[PDB]
Ligand SMILES: Nc1nc2c(ncn2[C@@H]2O[C@H](COP(=O)(O)OP(=O)(O)OP(=O)(O)O)[C@@H](O)[C@H]2O)c(=O)[nH]1
Ligand SMILES: Nc1nc2c(ncn2[C@@H]2O[C@H](COP(=O)(O)OP(=O)(O)OP(=O)(O)O)[C@@H](O)[C@H]2O)c(=O)[nH]1
Ligand SMILES: Nc1nc2c(ncn2[C@@H]2O[C@H](COP(=O)(O)OP(=O)(O)O)[C@@H](O)[C@H]2O)c(=O)[nH]1
Ligand SMILES: Nc1nc2c(ncn2[C@@H]2O[C@H](COP(=O)(O)OP(=O)(O)O)[C@@H](O)[C@H]2O)c(=O)[nH]1
Ligand SMILES: [Mg+2]
Ligand SMILES: [Mg+2]
């Protein structure tokens, strides 16, 4: 891209892979800073499954209230 | 020689250089390369 | 050596006699024709079109550094590998320069 | 030791397994009743790789069969060698997915997968030393491409250090049998790259082309395509079950054929293949095997391998032969084709020799090459996907089960990024 | 070592090959099933010249069969020794040329020739040391005279240093079976002189004359003409497959029989030839062989050899015989006929001896002489061509497929120049 | 463990139900008494010992047809109290069968549906048959669909409606109730198939060569189409298709689910065996515009998706080789946003013949279900017919006096206008 | 893999088609029912099991002849719906069958032609038969040729037209439509063969010794000529000839393709065996002017090219020895610009005999197709007959009132004048 590639190019050939990995990772907070979602720093159905699991758990918790 | 002529054919230059002209060019270059090596 | 003789011979005949030009013009015309056929064959031409694409990975950075090195003759770079002196040749039509 | 378990899903995967296990049983001399009747001592030394032992001396495959509908497993049981499979491993639902990826991955596939994961965990925890898993499924179907890929992630989350194989059939645009193939192909490729350690693409179009041109048989059927795929599948793990000059397990191939962790999509091919009428004309020699092995029409994919450059290649020779000839032929096939081999990695062909040939053949070769020419398949799949998605056609079926268009956009973007970064190394020079 | 491959095209060439390969197989004791059943050790030492080896111990000819219609190859397969040919080498089209040279050289022959060139390249790249190629085709047909001659140029462009043989049947004006023979004969002779290293003309009229006068059999058929041509073909390469006093490969004949590169059109003849009723009367001696060898009626061409002077001559004796007698007889046949031998090149007869005679015969001779009398055939062909062309008869068939009259004019001019410069040396004196 | 329930309402519905129920009983070997002298489970249920009971219910307000059923040869087959019958007919009045007399009967039908559904364990979906141009048929079909859509929810329902012909008509008031019923089932049925009588009359006349057909001949063809559609659930096949795998492949958007069918081959025994009935020719005949089962021209519109079923000894490669030919043709063009539009199914069981019928016995057949943009013409012409009489409020008093409101006619017109606008909006390229 | 399609239009065409189709079925061993109790593929097609279907179509507007065909012994052979029949006859009016009633029938014929052509893979060309002196025959032949010339293009079409006799005539208006049809097929047909009835009557009278012949005797001779022409495509022969190998050998210029045929020997069993029927005498009889199949004198003009077919046990040398004798004779002279004019074909299968017919069984036969300059006489006499009635505009009102323009008669006259001038211009020596 830019500014982060010129900074990675100032680091010796032995650590350049690690610096490139750090620069990709530093690309990591920046997007969050640029945007605002704490879940972009690595690598119907979802919602429904989560909802169902929570509901069952809630019922168990309700049973705990019942206890 | 035939591999170099295949280069001439593949680049559509065979209309400008005949097989006999190609052999003559290769011969002249061979002569001067051999004189330079010696 | 064969490519130089080949370029000199092909462009020494009608209809395209270039003997009035430097031998480099005949050789350049062979490379321009090779570029045209390479482009026609529907095959990549990036190595012909971008002469500064000599080095892996950092081609755009080198292009920007070359522009800065040319815009002002010795632009100081914070992090550049090495300055190499190259020669460019232009032909100018000037009477007794 | 170092054995693997078999897991298959969907109708296509079940039909592939129904021939793969027949081929394995015929290779090891196991009758359809589970009783050994082989001739050679070596047929029993490493039988623990694929078969378990039960009381009464019979053998049972460690295979797990899953589908969202009961018909295919109710049909495979009545076929030959169908009694070997343990009835307990059969898990199925009562509804099906209807070629809808969302139903087979979010609503129906999520609730059922606990039972199959239970038996998967039972099989893996018990075995002596795990080598890994191999998966057969199709990307053109809903239940398969959904449940199989979610199971891939679930298995990877619990066994991060083991190796994972996937033999995936991708929908070709030539022979199309389902209109919603691009959607569940694109959605599946997104998840498959993140978790599978190895992936091997297979196309029905290439199988028909091979059957029509090389074998020259008049009427191909699914049994012939399954037989070719089964022979190719068996060829990979042959040296892990038999002695040889240079043994090479799956992990050794993983080390030598994957340069970067995201480039693990191979295309394969099997040699020799000859017609019935010409099987007497030909003479089996190493040059004859290697000339057919690198033949473009012999690949199990429609991708044209002379449209790109090989990053690396592998060959698994079978039978007793001299190693000097193999090495010199590998060198010759690499000197005469220097234009199609990437130049910044020298000596990019791996070879292995196994002294036990297939039953009925004196020499055989299995070829696994990682090439840049595979980009064309993802290009056409994404082209069809973006042609159909721009009008939101058939989108309501997927969006009615909790899925949204954002997951489609992310999948398309990640697939295009994969396509781009796979060809990035094609133009790379030293 | 120093082996050659066989390539044939057209119906006439296929029928010639169907007997040439039978003769070769009978000479080497190969059964029509490809199994050796010979008696002598020498029958197997140099079998690599014409036959390849496959698994199971059977032998397969390295012949390539091409035609623009499938009928002739579908018929030759059912004949005796038809199973030897590899089915993969059969290449054919679905349309045919209809005796039109333009269709078999520009429109249809150009697209098909890639497949046959693929198998030709496969055969030549593989073989131990290439000696060259031999071609059998007819100049009286369209598809043959077009595709064969274009294939000659394509082969010459890729293997400029190898040797090339062509056995060409030219249409005689006596026995004419096609009205458009002069056009495709004249067009073919133009291309044939530029690329063929050796050419051997054969005429059906001369074969009928020989069969009627020397053998004196009542009803000649194409099988007898094919048998004579096959014996003549086999006689040339005999010493390359068997030991002898003075071995002489094809290249040695090329050196000694072609004075100038454009004079390579020979006429041949075979001796002895005797009737069934007189085969007991005659005694086989070197004088008896040499008197029949130089006989004018024994030539395989209607050209009269005492109408011109020999530039050079060659003889390939077979059987065990004394060399002193051969040399003295060659000297005697040259002293008694000094008027018919050109005087500025002394000692213009080449001789060779091979110790292995043909099966069933104790002595045999093959004669290959380069004479100036061959001009008469081109003269009459050009006469008919210019008689038919001046009215532009049948010209539209050729001009409707991209050809023009300029290529006809150039062909006529080059053929007339060849005729003139071939006789230029007849009147030359020292 | 897979079941389906078929609903027959109205005279046309009952008369086509009889037609399909001879065919199913014949195909599964069940005698008309219900006694056999594991594939039956899709349509039937086992009673424990002996007879089988169909999973079907017959509805009508007019008792004549049911009384005819209860005295024919099939009196012993159907359960006595699932042939629900009324006393007073609706007399072609839609408002009667939706507001006046159908409400008192619908409760018994729903009770029967519940009693049949509790027996099934793997219920795939419902089938319904009703002739649209009648009072009781359209009204009761609408009411039953509306009740089922809320009692069961997501279960799939398929409607084989018979719309009136473009010009041929039996009633004079059928456009009104046709439009109202289309309004009702537009938002309530998952699949609707077009079945107008004129096209099938032309099919019989041209192919079957019958000049005086009756309703039975039409109903037998419809029964054959139903059997071809549902064969994949009860017979083994190389490429299976389920009912739930339709809205993911043929229905791009929730509103658009009206498609038209075709069948091939249709031929009599007198000239069937003289021709080979290859797969290519039958799949060409199936796409002929004159063989559409509804009187609509596919050349007037684009295709959206084609789902087409084979049965017999067809091989997949031959199917692909024929799909390619159809993609080649210039007279058939698909919509821009659909690169592949074919879903292919292959089954092994050949179609069964009914004795005394029209069709002969053949080994290959093809049934296509195709969704196309050209269907809007029938809606436009029905709308034009409706407007002519609704301008003067003719025949409205027969509907207002049966409890229906005045404004109910207008909103059906607005929904048809919306549907026609939607069909135009979808068919434009991007 | 070589096929040909024959078209029969008009009463004479159908009656000669019947004659050729008994002969082909008899020659290939097929019973009249179509069942045999690999050479058939040229004329027939295999249905998969059992019967064979001819590659022929019968056309007529008048139903009597087709109805006679559909009730005879051959009712089971032909496909029921390729015997296209009309209702109203053209009644010898050319304008009717080209402008009024033929247009509504031609579409069905073209659909049948397409359906037959898609089955063939190696289509050599078309054959067409039509009696010229009739309305429907000439008109529909013209229209079909004009449609085929643009639908298919370069495919070869052969026309076996029967022109009226010099003085013997059945109608009174046949010169008009004969001239118009000659106009139409002059620029649209590749080969036209002359077949007038008077010459064949004389042949029957002189050789067969029948004093009261009927049309069947004429049609059997025509069928024998057709079989002799097409034998080379379906039987093994020493010198084969294909249909496409004609315009390169018999057609000097695109305009000149009318030639006249002859056959030999023609002899009855009562005196056939008393003489040896050598090849020389039969080839002499074939060139006799009295044995021409069209009433034209070859002594009145030059020859251009002769293509003549043999079949039986004939040997090529005997053929050459007879061609030489014919070249010797002073009464037969060839054109100046054609040195050789003979194309010779040899086949092994002897002609087959039809039981109850006229011809006997012989081992040798010859059929010649000769193009000569003398054919201009029939054009001149037809032109003279046309001018006599066109001077007074007789019978023109029967043509103007059927949609044809007034000037259409003149341009046919101009084209005939051009053809006659061209024939004179070609025949002059240089
Ligand atoms: N295809 C087909 N259509 C039929 C048949 N019988 C009736 N129809 C159609 O049904 C339409 C009228 O509806 P019907 O089914 O006859 O009568 P209904 O549906 O019971 O309605 P009611 O008149 O109130 O009894 C007519 O326009 C016919 O076209 C049949 O046997 N086959
Ligand atoms: N050689 C031969 N010629 C026939 C035969 N039948 C009719 N002709 C000729 O055909 C000419 C008239 O044309 P037809 O074939 O009889 O009738 P058509 O071609 O069907 O034309 P229409 O009169 O309109 O029906 C007559 O002059 C006859 O010479 C036949 O069986 N054999
Ligand atoms: N090789 C092979 N492929 C098959 C077979 N049956 C189906 N397929 C392929 O699988 C695809 C359809 O997959 P599908 O059955 O819907 O998978 P599912 O949704 O998991 O059941 C088709 O495109 C076929 O090409 C088979 O028996 N052998
Ligand atoms: N010696 C020999 N000559 C043949 C035979 N068959 C045909 N010919 C000659 O070949 C010529 C015709 O060549 P043709 O078959 O048209 O060649 P094509 O066009 O390549 O198929 C004739 O003049 C024959 O003399 C055969 O069996 N033996
Ligand atoms: Mg009713
Ligand atoms: Mg008539």
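We number chain G the same way Swiss-Prot does; the residues here are 1-37, 47-439, in that order.
A Cβ is built for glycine as well, from the same backbone N, Cα and C atoms used for every other residue.
Annotated features in Swiss-Prot:
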ACT_SITE  G:254  active site
BINDING   G:11, G:71, G:140, G:144, G:145, G:179, G:206, G:228  GTP binding site
BINDING   G:71  Mg(2+) binding site
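Location within the structure of each feature annotated in Swiss-Prot.
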residue	record	contacts (Cβ under 8 Å, 6+ apart)
G:11	GTP binding site	G:69, G:71, G:74, G:140, G:143, G:146
G:144	GTP binding site	G:98, G:99, G:100, G:101, G:102, G:103, G:105, G:106, G:186
G:145	GTP binding site	G:9, G:10, G:69, G:70, G:71, G:95, G:98, G:99, G:105, G:106, G:111
G:179	GTP binding site	G:142
G:206	GTP binding site	G:171, G:174, G:177, G:227
G:228	GTP binding site	G:15, G:16, G:18, G:19, G:20
G:254	active site	none
Task = Using all protein chains shown, find which of the binding-site residues G:71, G:140 scores highest when you count other CB atoms within 10 A of its CB.
result = G:140
Note = Of G:144, G:145, G:179, G:206, G:254, the recorded positions whose C-beta sits under 6 angstroms from any atom of ligand 2 are G:144, G:145, G:179, G:206
Ask   = What binding-site residues from G:11, G:144, G:145, G:179, G:228 have a chain E Cβ less than 8 Å from their own Cβ?
value = none
Ask   = Which value in Å gives the longest Cα to Cα span across the GTP site residues G:11, G:71, G:140, G:144, G:145, G:179, G:206, G:228 as recorded?
value = 23
Ask   = So which of G:140, G:144, G:179, G:206, G:228, G:254, listed as recorded positions, have a Cβ under 6 Å from an atom of ligand 6?
value = none
Task = Kindly assign residue G:144 (GTP binding site) to one of the three DSSP-derived states: helix, strand or coil.
result = helix
